[PDB]
Amino acid sequence: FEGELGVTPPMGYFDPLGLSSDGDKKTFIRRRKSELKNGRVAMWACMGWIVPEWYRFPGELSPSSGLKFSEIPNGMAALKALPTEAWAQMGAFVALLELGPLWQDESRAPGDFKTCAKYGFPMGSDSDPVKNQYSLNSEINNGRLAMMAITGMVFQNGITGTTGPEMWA
Amino acid sequence: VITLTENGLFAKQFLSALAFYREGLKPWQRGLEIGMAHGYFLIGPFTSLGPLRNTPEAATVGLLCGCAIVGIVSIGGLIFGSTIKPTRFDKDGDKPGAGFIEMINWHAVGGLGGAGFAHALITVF
Amino acid sequence: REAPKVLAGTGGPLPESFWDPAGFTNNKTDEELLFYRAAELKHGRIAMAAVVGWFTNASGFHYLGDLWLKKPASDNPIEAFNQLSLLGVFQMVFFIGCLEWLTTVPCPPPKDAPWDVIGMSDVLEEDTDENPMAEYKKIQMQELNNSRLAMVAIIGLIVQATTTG
Amino acid sequence: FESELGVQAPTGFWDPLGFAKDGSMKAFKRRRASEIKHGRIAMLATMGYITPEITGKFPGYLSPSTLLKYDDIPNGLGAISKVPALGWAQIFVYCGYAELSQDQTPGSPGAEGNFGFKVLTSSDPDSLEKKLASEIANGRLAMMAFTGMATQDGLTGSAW
Amino acid sequence: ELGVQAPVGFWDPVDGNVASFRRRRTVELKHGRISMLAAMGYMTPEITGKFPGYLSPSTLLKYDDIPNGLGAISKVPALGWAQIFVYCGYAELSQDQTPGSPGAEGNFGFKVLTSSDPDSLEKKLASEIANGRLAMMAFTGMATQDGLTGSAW
Ligand code: CLA
Ligand code: CLA
Ligand code: CLA
Ligand SMILES: CC1=C(/C=C/C(C)=C/C=C/C(C)=C/C=C/C=C(C)/C=C/C=C(C)/C=C/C2=C(C)CCCC2(C)C)C(C)(C)CCC1
């Protein structure tokens, strides 16, 4: 599959364990969609750990609970400190994205969504992979980098037990 | 004899789009989807109104019972695939019933996963 | 009319009176007119259930919501929405979201009749000549005329409630 | 699309955010209909604030039953709660018809900003583009002027 | 044709077409009818009094408590004038100008012109529009009278 949008000079066509030696073009399409989507989630997740360590949103998360954005702990402890109704509404919204706008059409490009723009900007364009081969590769590598990082940050929180300086030496 | 609930457009497209019938799904994908549904659902009847429904844990017991139910029905599916041997999921030139056995094994895996995910949601939230 | 003939004999006070006193349909294409009806029926079908849901809730029957809030919610349906626990509302949105997803992407209605969400068109006749049947056009009138009434009815309920109690 | 009434001179085809790389031909007219409608509202909105400032409030009674001399209603934000909901309903109704009139559906003559005013119909002296472009350009200025005016009336507190 | 009158010609120092005149004619006749209804409508709460009465919504046995030419309101009949406004719309959305094939013909529901006395075209069509023009100025002049020159009479 050398020449597919994901091959980079550092490794060429990586495939060390040989998970795609046979063609299985369906398998590659599914795994590429996972690679892009996991990268985008990881990229948004990686920024989701850095920013609260510097800035916190002004208002209150649940005004009828006293809870304000500041006092919510960062990392994998907000899950048990942010009210369950709050987290359920994020799940409902991500459900809307996965079922509505960000619904991967079969005929479309691997990561193409029929309602989002060139870097994801809401309100969109149909993909032009050949012209945008640079940024499509850039997204995958950044997603690839983010997936390593977010797996790190969560692991750092799991052991150190915080999100402060110790979690990131 | 065509009826609305089985031969209507919505009924036909709903039945065809089920995990057991959806076009283009590898057998392990059907098994995984069905197992996730079953494992997620089966936790509830035990962790609530169960023998240890009021214990401080009251959910790990439900998790164990749901995983046990998933394993029992998976064993039944393996019996079915080794006795009846359905061949509608086997790819061409394969051991008869191999597709069904793969579907059942991945149903067991998906049941474990769905049960664990439901338990994780209950404990965390 | 030409294109409005696809939704002909289905509106007006009497069944065969194309009302449109704004020209909203003229110059519009056949698919657009069919899509306009799909919006009309969907609004009306929800309006019919909305009015029924309003009345079974404004009379004192809000069990799921009295048993979830552990207290009898107020009869006023607008005020009962606030008292209803946020978990209940989010699940309500998600269930409709699943239904709206289900009808659109997996089990899409046809493009010639985009309101056949149950899909009777594959077992229906609609073009036979029997009297003790083939009154499907009449039952289309009753759905539309009732639904149109429910649309203005439910708005009246919401407007009056939000203003003159 | 790069040759419509919007390209005046000081800026060319000003689409920095790329709404035209994918803007369909009908989408331009739809968005143009949005722009023309937005601009005409803004011109009416702007006049509606600068004119009651210099010229005094309406000599009259506004509501013949609830003693509104037009002077207790301030010029700016907050007048929404001072003008009656029915005077608000009646302007809503009047604007409601002005679109439920001769249709502005896609492809209709109302969909390109044409409705039948014709206050300034010059006898085609190479001025149809002039009047059209002036209306679009002024509407663009009026929208920007209004939003600043709205922020002027809000952040300061009242009027200007 | 039609509303062209006798003391003046086309009186167009400003439409002047066919389709545009047709829409303008519909506006002209429509405004004419209301003024004639309003003009004779305003003289009636005068002599013969504020005739109304009977059980009305929040106005039971209301002797048309909406006084003065403007009518004011204060939950007196003028709030019931909104019902007039609503039912006026019903006739404006059922017997309207979109299916009104001629200028402002409503198919003559009353059939007053089926030899009952009015006639088709000629003076009657010209007399209706001319009378409407007079009433429209009269109603507007009556509006000025109530505002800053006392009441009607
Ligand atoms: C969601 C609203 C909706 C929609 C999309 C339609 C769509 C349609 N109707 Mg319909 N109708 C509705 C509500 C709706 N209806 C209601 C509530 C009534 C009861 C009065 C009717 C009564 C009715 C009749 C009697 C007839 C139709 C007909 C038609 C078809 C011709 C297209 C048309 O009239 O304009 C389509 C476009 C619209 C309706 C635009 C919606 C209205 C706009 C946005 C302005 C309204 C705003 C309103 C003034 C303020 C909201 C509050 C209000 C309740 C006070 C079309 C399929 C005709 C037909 O098919 O017969 C063959 C016909 O004869 N309708
Ligand atoms: C409702 C607003 C609106 C809309 C729909 C349009 C639409 C259009 N304009 Mg336009 N324009 C506007 C406002 C608007 N304009 C204003 C206010 C100005 C003055 C700066 C201009 C100046 C302008 C020029 C000079 C030209 C156009 C052109 C065009 C056309 C093609 C470009 C395009 O796709 O724009 C689409 C526009 C939008 C999608 C608007 C999005 C606005 C974003 C979301 C926000 C922008 C920042 C905003 C000011 C933030 C406000 C702060 C607030 C939150 C507090 C199209 C018909 C070109 C043309 O006619 O080509 C033939 C052209 O040459 N316009
Ligand atoms: C709703 C008002 C209205 C409308 C739409 C018409 C429409 C028409 N009239 Mg007509 N008319 C009216 C009122 C109206 N009339 C009144 C009240 C009088 C009595 C003076 C007349 C006397 C009259 C004569 C004598 C003749 C017409 C004719 C015509 C036709 C062509 C004239 C034309 O193009 O005028 C176009 C005019 C305009 C676009 C301007 C509209 C009026 C402006 C907005 C205001 C006028 C000044 C006003 C007094 C100030 C109001 C102040 C207020 C804001 C407080 C056309 C169908 C002619 C005809 O029959 O043609 C076949 C003809 O000979 N009319
Ligand atoms: C009542 C109702 C109904 C019904 C409903 C239903 C039927 C529901 C169901 C539901 C369900 C039934 C759901 C489920 C879900 C599930 C899930 C969501 C799961 C998930 C899972 C997961 C996620 C997993 C994962 C994993 C794996 C796979 C393995 C490994 C481990 C892990 C964990 C990772 C109707 C409509 C009739 C009507 C009325 C209403």
# chains A, B, ... in the order shown; residues from 1 in each chain; ligands from 1
call {"tool": "select_by_dssp", "arguments": {"residues": "chain E", "states": "alpha helix (DSSP H)", "output": "MDAnalysis selection string"}}
result
chainID E and resid 19:43 78:94 122:148
call {"tool": "residues_near_ligand", "arguments": {"ligand": "ligand 2", "cutoff": "6 Å", "atoms": "only C-alpha atoms and all ligand atoms", "output": "number ranges by chain"}}
result
D: 1-7, 11-15, 19-20, 28, 31-32, 34-35, 38, 140-141, 143-144
call {"tool": "atom_distance", "arguments": {"atom1": "atom CA of residue A:143", "atom2": "atom CA of residue A:126"}}
result
20.8 Å
call {"tool": "residues_near_ligand", "arguments": {"ligand": "ligand 3", "cutoff": "8 Å", "atoms": "only C-alpha atoms and all ligand atoms", "output": "JSON, numbers by chain"}}
result
{"E": [1, 2, 3, 4, 5, 7, 8, 9, 10, 11, 12, 13, 14, 15, 16, 21, 22, 23, 24, 25, 26, 27, 28, 29, 30, 31, 32, 130, 132, 133, 134, 135, 136, 137]}
call {"tool": "residues_around", "arguments": {"residues": "residue D:67", "least_positions_apart": "5", "cutoff": "12 Å", "atoms": "only C-alpha atoms", "output": "PyMOL selection string"}}
result
(chain D and resi 60-62+72-73+82-84) or (chain E and resi 72-74)
call {"tool": "atom_distance", "arguments": {"atom1": "atom CA of residue A:141", "atom2": "atom CA of residue B:29"}}
result
27.5 Å
call {"tool": "interface_residues", "arguments": {"of": "chain D", "to": "chain C", "cutoff": "6 Å", "atoms": "only C-alpha atoms", "output": "ChimeraX atom specification"}}
result
/D:100-101,103
call {"tool": "residues_near_ligand", "arguments": {"ligand": "ligand 1", "cutoff": "9 Å", "atoms": "only C-alpha atoms and all ligand atoms", "output": "ChimeraX atom specification"}}
result
/C:4-26,33-44,144-145,147-156 /D:93,96-97,99-100
call {"tool": "write_last_selection", "arguments": {"atoms": "N, CA and C atoms", "output": "compact mmCIF listing (two decimals), in the first residue's frame"}}
result
# COMPACT_ATOMS: atom_id res chain seq x y z
N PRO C 4 -47.11 20.83 -8.74
CA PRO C 4 -47.98 20.66 -7.57
C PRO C 4 -49.04 19.58 -7.73
N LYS C 5 -49.09 18.93 -8.90
CA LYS C 5 -50.00 17.81 -9.08
C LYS C 5 -49.56 16.58 -8.31
N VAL C 6 -48.29 16.51 -7.90
CA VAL C 6 -47.82 15.37 -7.12
C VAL C 6 -48.36 15.40 -5.70
N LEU C 7 -48.68 16.58 -5.18
CA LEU C 7 -49.37 16.74 -3.90
C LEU C 7 -50.76 17.31 -4.11
N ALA C 8 -51.42 16.89 -5.18
CA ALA C 8 -52.75 17.38 -5.52
C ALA C 8 -53.82 16.54 -4.84
N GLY C 9 -54.97 17.17 -4.61
CA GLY C 9 -56.08 16.48 -3.97
C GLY C 9 -55.75 16.01 -2.57
N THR C 10 -54.95 16.77 -1.84
CA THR C 10 -54.50 16.35 -0.52
C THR C 10 -54.48 17.46 0.52
N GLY C 11 -54.94 18.67 0.19
CA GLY C 11 -54.97 19.75 1.15
C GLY C 11 -56.22 20.61 1.05
N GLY C 12 -56.13 21.86 1.49
CA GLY C 12 -57.24 22.77 1.43
C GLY C 12 -58.34 22.42 2.41
N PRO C 13 -59.31 23.32 2.58
CA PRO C 13 -60.49 22.97 3.39
C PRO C 13 -61.18 21.72 2.88
N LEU C 14 -61.61 21.73 1.63
CA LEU C 14 -62.04 20.55 0.90
C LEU C 14 -60.82 19.88 0.27
N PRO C 15 -60.85 18.55 0.10
CA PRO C 15 -59.60 17.83 -0.18
C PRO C 15 -58.89 18.24 -1.46
N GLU C 16 -59.59 18.84 -2.42
CA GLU C 16 -58.99 19.13 -3.72
C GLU C 16 -58.84 20.62 -3.95
N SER C 17 -58.42 21.36 -2.92
CA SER C 17 -58.25 22.81 -3.01
C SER C 17 -56.80 23.14 -2.68
N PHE C 18 -55.98 23.35 -3.71
CA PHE C 18 -54.60 23.78 -3.48
C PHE C 18 -54.61 25.19 -2.91
N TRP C 19 -54.32 25.33 -1.62
CA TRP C 19 -54.56 26.61 -0.95
C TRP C 19 -53.48 27.63 -1.30
N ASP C 20 -52.24 27.39 -0.85
CA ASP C 20 -51.03 28.16 -1.14
C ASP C 20 -51.31 29.64 -1.41
N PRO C 21 -51.82 30.41 -0.44
CA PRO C 21 -52.04 31.83 -0.72
C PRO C 21 -50.79 32.66 -0.50
N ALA C 22 -49.64 32.11 -0.88
CA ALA C 22 -48.39 32.85 -0.87
C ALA C 22 -47.48 32.50 -2.03
N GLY C 23 -47.90 31.62 -2.93
CA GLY C 23 -47.02 31.18 -4.00
C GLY C 23 -45.80 30.42 -3.54
N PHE C 24 -45.85 29.80 -2.37
CA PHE C 24 -44.69 29.09 -1.85
C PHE C 24 -44.34 27.86 -2.68
N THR C 25 -45.29 27.33 -3.46
CA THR C 25 -45.07 26.12 -4.24
C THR C 25 -44.84 26.38 -5.72
N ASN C 26 -45.46 27.42 -6.28
CA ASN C 26 -45.26 27.70 -7.70
C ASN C 26 -43.80 28.01 -7.96
N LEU C 33 -41.31 20.10 -3.85
CA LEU C 33 -42.68 20.02 -3.35
C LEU C 33 -42.87 18.76 -2.51
N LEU C 34 -42.31 17.64 -2.95
CA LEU C 34 -42.37 16.42 -2.15
C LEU C 34 -41.64 16.59 -0.83
N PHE C 35 -40.48 17.26 -0.85
CA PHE C 35 -39.75 17.52 0.38
C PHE C 35 -40.52 18.47 1.29
N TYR C 36 -41.26 19.42 0.71
CA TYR C 36 -42.08 20.31 1.52
C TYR C 36 -43.19 19.54 2.24
N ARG C 37 -43.78 18.55 1.56
CA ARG C 37 -44.78 17.70 2.21
C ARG C 37 -44.14 16.85 3.30
N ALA C 38 -42.95 16.31 3.05
CA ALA C 38 -42.27 15.52 4.07
C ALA C 38 -42.05 16.33 5.33
N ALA C 39 -41.75 17.62 5.18
CA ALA C 39 -41.66 18.50 6.34
C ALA C 39 -43.02 18.70 6.98
N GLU C 40 -44.08 18.83 6.17
CA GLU C 40 -45.41 19.07 6.71
C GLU C 40 -45.90 17.88 7.52
N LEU C 41 -45.80 16.68 6.96
CA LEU C 41 -46.29 15.49 7.66
C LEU C 41 -45.49 15.22 8.92
N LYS C 42 -44.17 15.41 8.86
CA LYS C 42 -43.33 15.17 10.03
C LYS C 42 -43.66 16.15 11.15
N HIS C 43 -43.87 17.43 10.81
CA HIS C 43 -44.31 18.39 11.81
C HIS C 43 -45.66 18.00 12.38
N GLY C 44 -46.60 17.61 11.51
CA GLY C 44 -47.93 17.29 11.97
C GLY C 44 -47.98 16.03 12.82
N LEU C 144 -53.46 14.56 7.34
CA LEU C 144 -52.98 15.92 7.08
C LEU C 144 -53.84 16.96 7.79
N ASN C 145 -55.16 16.86 7.64
CA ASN C 145 -56.04 17.86 8.23
C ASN C 145 -55.97 17.85 9.76
N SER C 147 -53.34 16.75 11.49
CA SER C 147 -51.99 17.19 11.84
C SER C 147 -51.85 18.70 11.72
N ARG C 148 -52.41 19.28 10.67
CA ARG C 148 -52.37 20.73 10.51
C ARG C 148 -53.07 21.43 11.67
N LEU C 149 -54.20 20.89 12.10
CA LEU C 149 -54.88 21.43 13.27
C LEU C 149 -54.02 21.28 14.52
N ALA C 150 -53.35 20.14 14.67
CA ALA C 150 -52.49 19.93 15.83
C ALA C 150 -51.32 20.90 15.83
N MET C 151 -50.82 21.28 14.65
CA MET C 151 -49.68 22.19 14.59
C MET C 151 -50.04 23.56 15.16
N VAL C 152 -51.17 24.12 14.73
CA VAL C 152 -51.59 25.41 15.28
C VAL C 152 -52.10 25.25 16.71
N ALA C 153 -52.59 24.06 17.06
CA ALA C 153 -53.08 23.84 18.42
C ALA C 153 -51.93 23.84 19.42
N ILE C 154 -50.86 23.10 19.13
CA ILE C 154 -49.75 23.00 20.08
C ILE C 154 -49.04 24.34 20.22
N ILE C 155 -48.95 25.11 19.14
CA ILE C 155 -48.37 26.45 19.25
C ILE C 155 -49.24 27.33 20.14
N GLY C 156 -50.56 27.23 20.00
CA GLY C 156 -51.44 27.96 20.89
C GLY C 156 -51.23 27.59 22.35
N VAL D 93 -45.62 40.64 12.41
CA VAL D 93 -46.60 40.25 11.39
C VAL D 93 -46.33 40.98 10.08
N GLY D 96 -43.57 39.59 8.61
CA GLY D 96 -43.95 38.24 8.23
C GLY D 96 -44.55 38.17 6.85
N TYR D 97 -45.44 39.11 6.53
CA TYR D 97 -46.02 39.15 5.19
C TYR D 97 -44.96 39.49 4.14
N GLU D 99 -42.26 38.76 3.46
CA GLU D 99 -41.62 37.58 2.90
C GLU D 99 -42.62 36.51 2.46
N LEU D 100 -43.81 36.48 3.07
CA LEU D 100 -44.90 35.60 2.64
C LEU D 100 -45.73 36.21 1.51
call {"tool": "residues_near_ligand", "arguments": {"ligand": "ligand 4", "cutoff": "8 Å", "atoms": "only C-alpha atoms and all ligand atoms", "output": "number ranges by chain"}}
result
B: 32-33, 36-41, 109-118; C: 95
call {"tool": "write_last_selection", "arguments": {"atoms": "C-alpha atoms", "output": "PDB file, in the first residue's frame"}}
result
ATOM      1  CA  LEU B  32     -18.470  -8.189  18.166  1.00  0.00           C
ATOM      2  CA  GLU B  33     -21.511  -5.955  17.646  1.00  0.00           C
ATOM      3  CA  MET B  36     -21.387  -5.774  22.836  1.00  0.00           C
ATOM      4  CA  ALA B  37     -25.155  -5.305  22.814  1.00  0.00           C
ATOM      5  CA  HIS B  38     -25.800  -8.479  24.818  1.00  0.00           C
ATOM      6  CA  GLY B  39     -23.032  -7.910  27.354  1.00  0.00           C
ATOM      7  CA  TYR B  40     -24.011  -4.299  27.972  1.00  0.00           C
ATOM      8  CA  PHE B  41     -27.670  -5.230  28.463  1.00  0.00           C
ATOM      9  CA  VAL B 109     -15.446 -11.341  23.281  1.00  0.00           C
ATOM     10  CA  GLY B 110     -17.966  -8.570  22.627  1.00  0.00           C
ATOM     11  CA  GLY B 111     -20.132  -9.726  25.512  1.00  0.00           C
ATOM     12  CA  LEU B 112     -17.150  -9.522  27.836  1.00  0.00           C
ATOM     13  CA  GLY B 113     -16.389  -6.054  26.493  1.00  0.00           C
ATOM     14  CA  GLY B 114     -19.940  -4.751  26.755  1.00  0.00           C
ATOM     15  CA  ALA B 115     -20.378  -6.136  30.259  1.00  0.00           C
ATOM     16  CA  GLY B 116     -17.113  -4.530  31.334  1.00  0.00           C
ATOM     17  CA  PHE B 117     -18.060  -1.225  29.718  1.00  0.00           C
ATOM     18  CA  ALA B 118     -21.465  -1.160  31.420  1.00  0.00           C
TER      19      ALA B 118
ATOM     20  CA  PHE C  95     -33.976   8.318  21.774  1.00  0.00           C
TER      21      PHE C  95
END
call {"tool": "closest_atom_pairs", "arguments": {"of": "chain E", "to": "chain C", "cutoff": "9 Å", "atoms": "only C-alpha atoms", "output": "tab-separated table"}}
result
residue	atom	partner	partner_atom	distance
E:93	CA	C:21	CA	6.4
E:94	CA	C:19	CA	8.0
E:96	CA	C:21	CA	7.5
E:97	CA	C:21	CA	8.2
E:98	CA	C:21	CA	5.8
E:99	CA	C:21	CA	7.9
call {"tool": "write_last_selection", "arguments": {"atoms": "C-alpha atoms", "output": "PDB file, in the first residue's frame"}}
result
ATOM      1  CA  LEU E  93     -56.596  33.872   3.252  1.00  0.00           C
ATOM      2  CA  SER E  94     -59.675  32.042   1.896  1.00  0.00           C
ATOM      3  CA  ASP E  96     -58.058  36.324  -1.407  1.00  0.00           C
ATOM      4  CA  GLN E  97     -56.202  37.873  -4.347  1.00  0.00           C
ATOM      5  CA  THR E  98     -53.973  34.909  -5.230  1.00  0.00           C
ATOM      6  CA  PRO E  99     -57.004  33.040  -6.690  1.00  0.00           C
TER       7      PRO E  99
END
call {"tool": "residues_around", "arguments": {"residues": "residue D:154", "least_positions_apart": "4", "cutoff": "10 Å", "atoms": "only C-alpha atoms", "output": "list in words"}}
result
residues 76, 77, 78, 148, 149, 150, 158, 159 and 160 of chain D
call {"tool": "write_last_selection", "arguments": {"atoms": "N, CA and C atoms", "output": "PDB file, in the first residue's frame"}}
result
ATOM      1  N   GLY D  76     -32.550  52.493  21.547  1.00  0.00           N
ATOM      2  CA  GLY D  76     -31.482  51.530  21.686  1.00  0.00           C
ATOM      3  C   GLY D  76     -31.983  50.243  22.293  1.00  0.00           C
ATOM      4  N   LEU D  77     -31.038  49.377  22.654  1.00  0.00           N
ATOM      5  CA  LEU D  77     -31.380  48.135  23.331  1.00  0.00           C
ATOM      6  C   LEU D  77     -32.035  48.438  24.672  1.00  0.00           C
ATOM      7  N   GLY D  78     -32.947  47.559  25.074  1.00  0.00           N
ATOM      8  CA  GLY D  78     -33.827  47.798  26.188  1.00  0.00           C
ATOM      9  C   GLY D  78     -35.192  48.312  25.784  1.00  0.00           C
ATOM     10  N   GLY D 148     -21.392  47.808  15.488  1.00  0.00           N
ATOM     11  CA  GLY D 148     -20.732  48.782  16.337  1.00  0.00           C
ATOM     12  C   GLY D 148     -21.722  49.603  17.138  1.00  0.00           C
ATOM     13  N   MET D 149     -22.810  50.033  16.492  1.00  0.00           N
ATOM     14  CA  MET D 149     -23.842  50.792  17.188  1.00  0.00           C
ATOM     15  C   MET D 149     -24.487  49.962  18.290  1.00  0.00           C
ATOM     16  N   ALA D 150     -24.738  48.678  18.022  1.00  0.00           N
ATOM     17  CA  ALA D 150     -25.268  47.797  19.055  1.00  0.00           C
ATOM     18  C   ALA D 150     -24.282  47.647  20.207  1.00  0.00           C
ATOM     19  N   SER D 158     -26.163  53.076  27.226  1.00  0.00           N
ATOM     20  CA  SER D 158     -27.347  53.655  26.607  1.00  0.00           C
ATOM     21  C   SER D 158     -26.941  54.480  25.393  1.00  0.00           C
ATOM     22  N   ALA D 159     -27.758  54.400  24.340  1.00  0.00           N
ATOM     23  CA  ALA D 159     -27.608  55.215  23.139  1.00  0.00           C
ATOM     24  C   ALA D 159     -26.214  55.112  22.533  1.00  0.00           C
ATOM     25  N   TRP D 160     -25.429  56.177  22.655  1.00  0.00           N
ATOM     26  CA  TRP D 160     -24.081  56.207  22.100  1.00  0.00           C
ATOM     27  C   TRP D 160     -23.049  56.456  23.193  1.00  0.00           C
TER      28      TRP D 160
END
